[PDB]
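Q:
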Amino acid sequence: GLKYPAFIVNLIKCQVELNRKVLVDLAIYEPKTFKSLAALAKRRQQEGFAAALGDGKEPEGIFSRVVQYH
Amino acid sequence: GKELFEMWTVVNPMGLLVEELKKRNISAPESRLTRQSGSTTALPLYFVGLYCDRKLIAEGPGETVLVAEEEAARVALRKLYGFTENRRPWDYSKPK
Amino acid sequence: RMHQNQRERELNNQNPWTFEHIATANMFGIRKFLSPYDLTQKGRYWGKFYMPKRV
Amino acid sequence: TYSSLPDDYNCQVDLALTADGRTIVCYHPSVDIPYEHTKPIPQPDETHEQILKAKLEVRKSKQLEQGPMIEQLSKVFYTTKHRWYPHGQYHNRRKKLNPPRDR
Amino acid sequence: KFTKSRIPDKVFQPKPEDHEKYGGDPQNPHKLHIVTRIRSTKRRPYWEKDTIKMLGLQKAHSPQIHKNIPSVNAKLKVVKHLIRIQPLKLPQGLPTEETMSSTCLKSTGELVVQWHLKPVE
Amino acid sequence: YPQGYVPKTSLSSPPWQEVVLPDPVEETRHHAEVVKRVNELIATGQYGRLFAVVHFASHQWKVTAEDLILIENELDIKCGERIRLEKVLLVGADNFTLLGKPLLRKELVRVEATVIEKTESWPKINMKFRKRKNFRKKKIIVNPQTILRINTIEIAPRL
Amino acid sequence: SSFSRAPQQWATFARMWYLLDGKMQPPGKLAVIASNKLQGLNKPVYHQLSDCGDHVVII
Amino acid sequence: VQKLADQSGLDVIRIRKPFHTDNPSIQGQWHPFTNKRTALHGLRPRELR
RNA sequence: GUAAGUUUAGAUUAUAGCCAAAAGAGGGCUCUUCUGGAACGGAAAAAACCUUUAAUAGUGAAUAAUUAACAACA
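Chains as they are written, first to last, in the deposited numbering: chain R, 80 to 149; chain c, 225 to 320; chain N, 197 to 251; chain a, 34 to 78, 84 to 141; chain Z, 35 to 155; chain S, 50 to 208; chain K, 2 to 60; chain b, 101 to 149.
Here you go:
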């Protein structure tokens, strides 16, 4: 039930750096793992929608927290 | 990369399966048609699943119901003997 | 009234970008594609034709 | 019911974050087909060859000529007739004797 | 005849709202520019081609460090449409001989003097 | 009728359906329970083959034990030598998978490989397009290569 | 998984039968769905040389 | 001489793919019925029963 | 800000251009003057318009230009 732009973009916002070549391998050869990634991308999309509609200071989504490096 | 029955030749796989299930005191399986496509054409696909006590043990694909049903038997046997495709890789790590 | 309407249009226009600013400041190097008269006329005149809605 | 995808067809997705927040854990067990959703095998009346012979029934003119035979074949397999014609010796001698095999 | 042009001086006199938007105090001006070429010099007049070579901006998307002094600024105005300018920033101070080998420039414009490639925690 | 009420019409509501996310407090408890179960599965060793996605050279490879990989440059490793691949982005099994953000921790996963062959590529023809091309205005490119065999993938119960 | 080689290949490349209902629909939007399945672009194993189409029935 | 030592006698020609696996799948290869929900009594669409 | 410039010695070839964009002059041509161009991407095909610092291997990645645009009252 996902369009291509939504799927790819939201995975990036979760700090997942799999490339297109390897993603095709999982879909063909790892159907259950691909489904798990599908839910993750969908959830992050929903969190973004909630943050957009709700305005002001509100707690950020569980999966919308970005790990930092230095 | 070698499948079990490629190295061992077994005819009538269902007959062997029935005896093996008896040893562990399990009821004989019930064959049923889980999925179907293009039955009336010349290229049909069949999925047959062996159900035990209303619980699924194996599922197999085939061109014809008889072929698909026989395929389900081999899938079941492999799981019983633990020679599945996704089994633990052999271990050459040991230096001893 | 026409002159008064013209003044009103300039003051209340909501477009941040106008022909005059870009031409005079040579943003994009736009002057490569323009004539000297464009700076004077400010895009309200093209050939012999007058544009009544250009602001 | 935290998973945003229905769990009824392929697998059950359970997604969790570790305490440190550096790893994502996925639990996906398989879903088996319910017994109530299956049909009985039609035991009363099968090799695929027998199916083909019934489909490719030779009724008139004994073995048919090329053209009529090809029209019968195209209907059975849902193709056009052009597929079934042969080729000349130039193309047949170019074909590889032993093409490579992967696994 | 297409020729070199002179920009009116008013363009470079800022407004109070601009200071808020871009966040630069009209006092304590920054010292070093970061400049990158983001367009091409083909189909442009020869004076612009020469200046780009003077400023070292031959390769696109590679930053160059320059002084924020009037003589340099006069040249930058000529090629303003082909470049991007960002002020330099040194949160942790200028690099010393000890830290010279551990600097790294961020996209924000900050020259950090320690780079460990580890989570901040 | 409350203020700001619009009767139902075709355009009254947006086409999409708004959803309600689960509350944070309960979700965190469920997250901890899920992690506990998976760690027990690792601890008891209830898994078969494992497959990992490893970033090596400049490329990403889906990998499993006994697999063969070809790297298109020299490596400086002798033949028959064992190595450890240190950038792993995903490890998976039949029932569970682990994802790094963007990389997994060193403790969790260890992948080892061996150098099998060091070779060169077959000749590749490069012939630029130019007026008066000619058949001798041609170059042959051959690059060095190396082959690695993946040996093992291991996990530990430290989630 | 754990199938034999030939049944595994047969299952993956099998051709499916679909049904569409056209009452009150616009013909253009119906075509988009039908074209997608006829070419086989709904399968992750799609390739232009693999002949992976499906049957579509419209009423 | 060192190059000859490292080589295996296999022919140096075009190699179709960089990667070779004999066990490509752990969870099972994709077929059209994966990701399709079943139905009660196994009723194909519009079958009355 | 930046790395060229003059003098000495030797040497040919070339001496008809084309299109786009400005300003004029004889009234669509015809001259004079300043700027730009010669894709393997784009504008439908596309010397001259737009994006483009050289050229190498790879089953990696981020981007640029990008023929379409949403009949009354007031």
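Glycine included, C-beta positions come from ideal geometry on N, C-alpha and C.
Mind pulling the alpha helix (DSSP H) runs of 4 or more residues that sit fully within the region 11-51 of chain K?
A: Runs of the alpha helix (DSSP H) inside the region 11-51 of chain K: 28-40.
Q: Along the beta strand (DSSP E) that carries c/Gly284, what are the first and last residues, could you check?
A: Run containing c/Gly284: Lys279 to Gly286, per the beta strand (DSSP E) assignment.
Q: c/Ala266 touches chain a at which residues, Cβ-Cβ below 7 angstroms?
A: Going along chain a in sequence order, the residues near c/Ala266 (Cβ under 7 angstroms) are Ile89, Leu90, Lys93, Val114 and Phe115.
Q: Which one or two residues does DSSP pair with S/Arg86 in a beta bridge?
A: In the DSSP output, where bridge partners are listed per residue, S/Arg86 has none listed.
Q: Could you name the residues of the same chain whose beta carbon sits closer than 8 angstroms to that of N/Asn208, not counting the 5 residues immediately before and after it, in chain order?
A: Hits under 8 angstroms: none found.
Q: Which residues, in order along the region 290-315 of chain c, keep a beta-carbon less than 9 angstroms from a beta-carbon of chain K?
A: Listed by position along the chain: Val291, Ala292, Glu295, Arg298, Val299, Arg302, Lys303, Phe307, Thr308, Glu309 and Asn310.
Q: Please return the same chain residues whose Cβ sits closer than 6 angstroms to the Cβ of K/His56, not counting the five positions on each side in sequence.
A: Cβ within range, chain order: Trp18.
Q: For a contact meaning CB atoms closer than 9 angstroms, what does R/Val145 contact in chain Z?
A: Chain Z residues near R/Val145: none, gap ~11 angstroms exceeds 9 angstroms.
Q: Going along chain N in order, which residues have a C-beta closer than 8 angstroms to the C-beta of Z/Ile41?
A: Neighbours of Z/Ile41 on chain N, chain order: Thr220, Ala221 and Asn222.
Q: Could you give the residue range of the alpha helix (DSSP H) that holds R/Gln125?
A: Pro110 to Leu132 is the span of the alpha helix (DSSP H), which, as asked, contains R/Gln125.
Q: Helix, strand or coil for Z/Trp81 per DSSP?
A: Z/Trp81: helix per DSSP, three-state reduction.
Q: Would you list the residues sitting across from S/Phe105 in a DSSP beta bridge?
A: Answer by DSSP bridge pairing, in chain order: S/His108.
Q: How about Z/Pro129 and Z/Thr137: do their beta carbons lie closer than 7 angstroms?
A: In contact: Z/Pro129 and Z/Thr137 (Cβ atoms closer than 7 angstroms).
Q: Within its chain, find whatever has a CB closer than 8 angstroms to the CB of residue 13 of chain S; leave out the 5 residues flanking it on each side and keep chain order.
A: Given that chain S is displayed from residue 50 to residue 208, the structure contains no residue 13 of chain S and the question cannot be resolved.
Q: For c/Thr258, name the three-state secondary structure that DSSP assigns.
A: Here c/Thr258 sits in strand by DSSP.
Q: With DSSP as the reference, please indicate the residues paired to b/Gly128 in a beta bridge.
A: Looking at the DSSP assignment, b/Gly128 forms no beta bridge with any residue, so it has no partner.
Q: Could you have a look at R/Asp104 and say whether DSSP puts it in helix, strand or coil?
A: Looking at R/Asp104 - three-state DSSP - the assignment turns out to be helix.
Q: Assign b/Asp111 to one of two classes, buried (16 or more other C-beta atoms within 10 Å of its C-beta) or exposed (fewer than that).
A: Exposed.
Q: From what residue to what residue does the alpha helix (DSSP H) around R/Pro84 run?
A: R/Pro84 -> alpha helix (DSSP H) spans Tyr83 to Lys92.
Q: Short of 8 angstroms in beta carbon distance, which residues of its chain neighbour S/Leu157, apart from the five on each side in sequence? Order them along the chain.
A: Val140, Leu147, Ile204, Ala205, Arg207 and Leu208.
Q: At a CB-CB cut-off below 8 angstroms, which residues of chain b make contact with a/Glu69?
A: Within chain b, the residues near a/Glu69 are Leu140 and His141.
Q: Please check if any C-beta of chain Z sits within less than 7 angstroms of the C-beta of R/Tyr108.
A: No, R/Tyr108 lies away from the interface with chain Z (no Cβ there is under 7 angstroms from its Cβ).
Q: For R/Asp134 and chain S, any beta-carbon pair shorter than 7 angstroms?
A: It does not; no Cβ of chain S falls within 7 angstroms.
Q: Along the chain, where does the beta strand (DSSP E) containing a/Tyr42 start, and where does it finish?
A: Careful: a/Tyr42 lies outside any beta strand (DSSP E) and carries neither H nor E.
Q: Less than 7 angstroms between the beta carbons of residue 166 of chain R and a/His61, yes or no?
A: Nothing in the structure corresponds to residue 166 of chain R, since chain R is present only between 80 and 149.
Q: Is there contact here, the region 237-253 of chain c with the region 273-288 of chain c, by at least three beta-carbon pairs under 8 angstroms?
A: A contact exists between the region 237-253 of chain c and the region 273-288 of chain c.
Q: At a Cβ cut of 8 angstroms, what residues of the region 130-158 of chain S count as close to chain b, listed as they run along the chain?
A: Result list: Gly141, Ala142 and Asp143.
Q: Note the first and the last residue of the continuous alpha helix (DSSP H) segment covering S/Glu169.
A: No alpha helix (DSSP H) holds S/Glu169; the beta strand (DSSP E) holding it covers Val158 to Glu169.
Q: Below 6 angstroms CB to CB, which residues in the same chain sit around S/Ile165 once its five sequence neighbours on both sides are set aside?
A: The answer, listed in chain order, is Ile196 and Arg198.
Q: For the region 25-58 of chain K, which residues have a beta carbon sitting closer than 7 angstroms to at least one beta carbon of chain c?
A: Listed by position along the chain: nothing, the set is empty.
Q: In the DSSP output, what is Z/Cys138 paired with across the bridge?
A: Answer is Z/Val146, bridged to Z/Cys138.
Q: Rounding to the nearest angstrom, what Cα-Cα distance links R/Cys93 and K/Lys24 in this structure?
A: Roughly 43 angstroms between the two C-alpha positions.
Q: If the cut is a Cβ gap below 7 angstroms, which residues of chain S does b/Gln127 touch?
A: By Cβ distance, chain S contributes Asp143.
Q: CB-CB under 7 angstroms to S/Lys111, same chain, minus the five flanking residues each way: which ones, in chain order?
A: Answer for S/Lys111: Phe100 and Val102, listed in chain order.
Q: Please list, in chain order, the residues of the region 102-132 of chain b that have any C-beta partner in chain K closer than 9 angstroms.
A: Going along the region 102-132 of chain b in chain order, one finds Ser125, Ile126, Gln127, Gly128, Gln129, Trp130, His131 and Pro132 with a Cβ nearer than 9 angstroms to chain K.
Q: Which residues of chain Z have a Cβ atom closer than 9 angstroms to the Cβ of R/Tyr148, listed in chain order?
A: Those within 9 angstroms of R/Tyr148 in chain Z are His150, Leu151, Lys152, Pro153 and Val154.
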